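1. sharing an experimental structure here, sequence included.
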Amino acid sequence: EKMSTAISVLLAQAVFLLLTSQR
Amino acid sequence: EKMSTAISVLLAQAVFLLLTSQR
Amino acid sequence: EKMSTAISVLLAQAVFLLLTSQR
Amino acid sequence: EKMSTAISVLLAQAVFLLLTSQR
Amino acid sequence: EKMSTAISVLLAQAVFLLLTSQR
């Protein structure tokens, strides 16, 4: 579950930069 | 699972402020 | 897992209204 | 877990049509 | 869980191309 929460976190920042460009 | 649902919740609000700027 | 799928569902509609405003 | 991955898939397409309108 | 993280990854890229068009 450790590497599983680390992989989901990566995609998390991927969505962050998303709102950054659209915002 | 407690801290796991608390970490996902944080990102949840992160997406909320997202629709706020785009909306 | 029941309340866990009910909490994720709530955020689900939260994203729905999101595409509604942006769409 | 079967119906759990089928419920998440539904929301998946819900987000797809989202990028479709915004794109 | 292996095929489960591979199915979620697919949708991941699905959201990526999303910010690409909107950005």
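-> Happy to help now that I have it. Numbering: from 1, shown residues only, chains lettered A, B, ... in the order given.
2. all helices of chain A, in order?
-> A:2-22 (DSSP state H).
3. spell out which parts of it neighbour chain B.
-> Selection of chain A residues close to chain B by CB under 8 Å from any CB of the partner chain yields A:1, A:5, A:12, A:15, A:16, A:18, A:19, A:22, A:23. Any C-beta I mention is one placed from the backbone N, CA and C, and that applies to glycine too.
4. pull out the buried members of those residues.
-> Neighbour counting with 16 or more other CB atoms under 10 Å in any protein chain shown marks A:12, A:15, A:18, A:19, A:22 as buried within the residues of chain A next to chain B.
5. show me what contacts the second one?
-> The contact partners of residue A:15, taken as CB atoms under 8 Å, 6 or more residues apart in numbering or on different chains, are B:11, B:14, B:15, B:18, E:15, E:19.
6. now the spatially most central residue of chain A: closest residue in space, sequence neighbours ignored.
-> The C-alpha lying nearest the average C-alpha coordinate of chain A belongs to residue A:12 (CA atoms, centre = their mean; 1.5 Å). Among residues not flanking residue A:12 along the chain, residue B:11 sits closest, at 5.2 Å (CB to CB, 6 or more residues apart in numbering or on different chains).
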